[PDB]
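**Q** Before I ask anything, let me first share the structure, which is written out below as structure tokens.
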2 protein chains.
Amino acid sequence: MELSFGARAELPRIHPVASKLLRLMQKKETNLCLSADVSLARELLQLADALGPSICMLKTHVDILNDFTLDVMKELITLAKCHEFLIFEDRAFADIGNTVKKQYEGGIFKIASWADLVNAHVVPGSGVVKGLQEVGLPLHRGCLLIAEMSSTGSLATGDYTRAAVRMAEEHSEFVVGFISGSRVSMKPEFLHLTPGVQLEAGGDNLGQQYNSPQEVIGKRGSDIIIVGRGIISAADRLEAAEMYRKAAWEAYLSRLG
Amino acid sequence: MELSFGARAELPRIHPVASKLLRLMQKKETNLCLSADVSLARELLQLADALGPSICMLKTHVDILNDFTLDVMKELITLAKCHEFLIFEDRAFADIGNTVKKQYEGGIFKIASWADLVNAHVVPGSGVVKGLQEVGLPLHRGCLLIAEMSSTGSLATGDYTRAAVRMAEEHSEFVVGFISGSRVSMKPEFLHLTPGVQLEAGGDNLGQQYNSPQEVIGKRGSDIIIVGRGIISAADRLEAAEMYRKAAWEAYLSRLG
Ligand SMILES: O=c1ccn([C@@H]2O[C@H](COP(=O)(O)O)[C@@H](O)[C@H]2O)c(=O)[nH]1
Ligand SMILES: O=c1ccn([C@@H]2O[C@H](COP(=O)(O)O)[C@@H](O)[C@H]2O)c(=O)[nH]1
């Protein structure tokens, strides 16, 4: 009874941000999220422009941009609107509710002002979501909960993962899905986004582990692949993004039938 | 066989940052860490100056400072040196090793350039520590692992806490202790720092829970209390800090005998 992305976009309990995403995934035939892991704003923006047609989402770590300004993020939004992708700041909030609300709204980055999506760890308990919600709901944003991680020795397993799923399903006005390595919720209104993806087997020297798009999307049932170095370190990042897009999209189609 | 802070400062396996901290705790009769949870640099610096003699440590969330600059942090270091306290950025790193290394060294905040101590969640597995280490060891810094949290619904319990302790004890060249609600390691070379502290019973409306200094230091065996709103929201923050200092110090003395 698996639904297409475009059908999921219409489910009664779908969140607006999720629906927007699912619609553009279907329209553009992309379930690829670019992990734009660069330190220069010019490179971020050149990647966003060139790769925007190939991606459903651009994931940022704003806190590694050497030359962050709010104006950079304005320019990123312009590209996101032109090419039709969401912006996801991978801030992995992980503090008490009262603190994360301030980290999301304020400081230099003003994350909530430009990020369609953010994510949070579940370790602090559900107050992390309640604090983020206080900023994100008025700003019409969505959140992903980190249910599983791709790295060696991850403790996001077993009952921890189950707790993340319960927390999501209990905060569905704001939580739209997961960071996970597999489908973790049986409810089709939730998105599953999976980092630790490369075409070739391997890892890095600091605990990253890779699996292929066919494995992640096809066998493990996730929705979206998140790819950083497999694209960013390639000479031709546009062709690399196309290879990843095509892999993830066909794995999705084949799982649909 | 409990040792004073000054004796612990001399233990064979003590980390230099821990030893510096323990020595100034003993000298100044303070085991209070101010959680300087403000949005204005001028208020941060005025608090650091006035309260510096009463504290062993000043904990920051740089990402909530509306007017952060590196020069602000230079001024904070001047105060830290004058009054003798460490600076602890409560960044709660919580990503793969390759990413946290960049979040610690780079971006706008350049955390490693000014923070004596940072902290990390253990959820990603030990690569989080290995990545931070690559920046922190050359810069002669230390790290705290988040073994327990103060908030309602925290998943940092049981085997998760035990995993944090094992990860610390296995990375003792860089990890100097814990964020925890109690003593979690039996090894006296590790520091235990405990947030969720107020003199009166209560909590906040976003899952924070409070326990008293006597409970945390005396009964639960921690070393340092971390106090935010119990001080910052008071009219006279200097007298509030003194009340917390005296409470935490006497609880420590009484546990020594
Ligand atoms: O479980 C997780 C959570 C987050 N990321 C993020 O996803 C990207 C993976 O990049 P790469 O390994 O494809 O370069 C990085 O930004 C990393 O911080 C993971 O890899 N794994
Ligand atoms: O388990 C944790 C970890 C971190 N903090 C931090 O400690 C401070 C507690 O402040 P307050 O509740 O005393 O104001 C805040 O900065 C908060 O982010 C906690 O409260 N509990």
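Naming scheme: A, B, ... for chains in displayed order of the structure tokens; residues 1 onward per chain; ligands 1 onward as shown.
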With 8 Å as the cut-off and only C-alpha atoms counted, what is the closest atom pair between each nearby residue of chain B and chain A? Distances in Å to one decimal, ordered by chain and number, as a Markdown table.

**A**
| residue | atom | partner | partner_atom | distance |
| --- | --- | --- | --- | --- |
| B:39 | CA | A:107 | CA | 7.4 |
| B:62 | CA | A:107 | CA | 7.7 |
| B:63 | CA | A:107 | CA | 5.1 |
| B:64 | CA | A:107 | CA | 4.0 |
| B:65 | CA | A:107 | CA | 4.8 |
| B:66 | CA | A:107 | CA | 4.3 |
| B:67 | CA | A:108 | CA | 7.0 |
| B:68 | CA | A:108 | CA | 7.0 |
| B:92 | CA | A:94 | CA | 6.7 |
| B:94 | CA | A:92 | CA | 6.7 |
| B:95 | CA | A:92 | CA | 7.4 |
| B:96 | CA | A:151 | CA | 6.3 |
| B:97 | CA | A:206 | CA | 5.1 |
| B:98 | CA | A:206 | CA | 6.0 |
| B:102 | CA | A:64 | CA | 6.0 |
| B:103 | CA | A:64 | CA | 5.4 |
| B:106 | CA | A:64 | CA | 5.7 |
| B:107 | CA | A:64 | CA | 4.0 |
| B:108 | CA | A:66 | CA | 5.6 |
| B:109 | CA | A:63 | CA | 7.6 |
| B:122 | CA | A:155 | CA | 7.5 |
| B:123 | CA | A:155 | CA | 4.8 |
| B:124 | CA | A:154 | CA | 4.5 |
| B:125 | CA | A:153 | CA | 4.0 |
| B:126 | CA | A:153 | CA | 6.4 |
| B:127 | CA | A:207 | CA | 5.1 |
| B:128 | CA | A:206 | CA | 7.8 |
| B:130 | CA | A:206 | CA | 6.6 |
| B:131 | CA | A:206 | CA | 6.3 |
| B:149 | CA | A:124 | CA | 6.4 |
| B:150 | CA | A:124 | CA | 7.9 |
| B:151 | CA | A:124 | CA | 5.9 |
| B:152 | CA | A:125 | CA | 5.9 |
| B:153 | CA | A:125 | CA | 4.0 |
| B:154 | CA | A:125 | CA | 4.4 |
| B:155 | CA | A:123 | CA | 4.8 |
| B:156 | CA | A:123 | CA | 6.1 |
| B:160 | CA | A:155 | CA | 7.1 |
| B:206 | CA | A:97 | CA | 5.1 |
| B:207 | CA | A:127 | CA | 5.1 |
| B:208 | CA | A:96 | CA | 6.6 |

**Q** Excluding segment 250-252 of chain A and its own-chain neighbours fewer than 6 positions away, which residues fall within 10 Å of it when counting only C-alpha atoms? Please give them as a list in words.

**A**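 Within the cut-off, the hits are residues 4, 5, 29, 30, 31, 213, 214, 215, 216, 217, 218, 219, 221, 222, 223 and 224 of chain A.
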
**Q** Write out the residues from the selection above, keeping C-alpha atoms, as a tab-separated table (two decimals), in the first residue's frame.

**A**
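Result file follows (again-v5.tsv):
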chain	number	residue	atom	x	y	z
A	4	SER	CA	4.11	7.93	-4.31
A	5	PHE	CA	5.69	11.15	-3.07
A	29	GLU	CA	12.21	13.59	-10.01
A	30	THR	CA	14.68	14.15	-7.17
A	31	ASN	CA	15.02	12.70	-3.72
A	213	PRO	CA	21.45	4.84	-2.53
A	214	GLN	CA	20.02	1.49	-3.62
A	215	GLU	CA	20.64	0.08	-0.16
A	216	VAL	CA	19.25	3.12	1.73
A	217	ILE	CA	16.23	3.91	-0.41
A	218	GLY	CA	15.52	0.49	-1.89
A	219	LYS	CA	16.28	-1.99	0.85
A	221	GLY	CA	13.01	2.12	2.83
A	222	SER	CA	14.22	5.71	3.36
A	223	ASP	CA	12.96	8.63	1.25
A	224	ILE	CA	15.83	10.99	0.71

**Q** Write down as a PyMOL selection string the residues of segment 187-222 of chain B whose backbone DSSP state falls under strand (DSSP E).

**A** chain B and resi 191-194

**Q** Any idea what the distance is between atom 13 (O, counted along the ligand's line) of ligand 1 and atom CA of residue 183 of chain A?

**A**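 So the two atoms, atom 13 (O, counted along the ligand's line) of ligand 1 and atom CA of residue 183 of chain A, lie 18.9 Å apart.
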
**Q** Separation of atom CA of residue 56 of chain A and atom CA of residue 249 of chain A, in Å?

**A** 11.3 Å

**Q** Excluding residue 194 of chain B and any residue of its chain fewer than 3 positions from it, enumerate the residues within 7 Å of it, using only C-alpha atoms, and give them as a PDB file with N, CA, C and O atoms, in the first residue's frame.

**A**
ATOM      1  N   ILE B 179      29.339  16.473  31.914  1.00  0.00           N
ATOM      2  CA  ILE B 179      28.080  17.056  32.334  1.00  0.00           C
ATOM      3  C   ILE B 179      27.224  15.879  32.825  1.00  0.00           C
ATOM      4  O   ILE B 179      26.981  14.941  32.075  1.00  0.00           O
ATOM      5  N   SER B 180      26.756  15.972  34.071  1.00  0.00           N
ATOM      6  CA  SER B 180      26.023  14.890  34.669  1.00  0.00           C
ATOM      7  C   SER B 180      25.227  15.428  35.847  1.00  0.00           C
ATOM      8  O   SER B 180      25.444  16.568  36.244  1.00  0.00           O
ATOM      9  N   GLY B 181      24.322  14.621  36.376  1.00  0.00           N
ATOM     10  CA  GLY B 181      23.561  15.063  37.537  1.00  0.00           C
ATOM     11  C   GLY B 181      24.125  14.544  38.838  1.00  0.00           C
ATOM     12  O   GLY B 181      23.677  14.943  39.888  1.00  0.00           O
ATOM     13  N   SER B 222      28.592  15.348  42.891  1.00  0.00           N
ATOM     14  CA  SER B 222      29.161  16.115  41.797  1.00  0.00           C
ATOM     15  C   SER B 222      30.174  17.114  42.335  1.00  0.00           C
ATOM     16  O   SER B 222      30.262  17.333  43.537  1.00  0.00           O
ATOM     17  N   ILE B 224      30.884  20.496  40.635  1.00  0.00           N
ATOM     18  CA  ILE B 224      30.629  21.862  40.267  1.00  0.00           C
ATOM     19  C   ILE B 224      29.160  22.017  39.954  1.00  0.00           C
ATOM     20  O   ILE B 224      28.596  21.178  39.284  1.00  0.00           O
ATOM     21  N   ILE B 225      28.550  23.099  40.429  1.00  0.00           N
ATOM     22  CA  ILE B 225      27.193  23.442  40.028  1.00  0.00           C
ATOM     23  C   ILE B 225      27.223  24.461  38.925  1.00  0.00           C
ATOM     24  O   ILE B 225      28.005  25.423  38.935  1.00  0.00           O
ATOM     25  N   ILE B 226      26.344  24.256  37.944  1.00  0.00           N
ATOM     26  CA  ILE B 226      26.161  25.194  36.858  1.00  0.00           C
ATOM     27  C   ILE B 226      24.803  25.912  37.073  1.00  0.00           C
ATOM     28  O   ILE B 226      23.787  25.211  37.127  1.00  0.00           O
TER      29      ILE B 226
END

**Q** Using DSSP assignments from the backbone, pull out every residue in segment 227-256 of chain A that falls under alpha helix (DSSP H) and give it to me as a list in words.

**A** residues 229, 230, 231, 232, 237, 238, 239, 240, 241, 242, 243, 244, 245, 246, 247, 248, 249, 250, 251, 252, 253, 254, 255 and 256 of chain A

**Q** Rounded to one decimal in Å, what is the spacing between atom CA of residue 136 of chain B and atom CA of residue 167 of chain B?

**A**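 Atom-to-atom, atom CA of residue 136 of chain B to atom CA of residue 167 of chain B, that is 16.3 Å.
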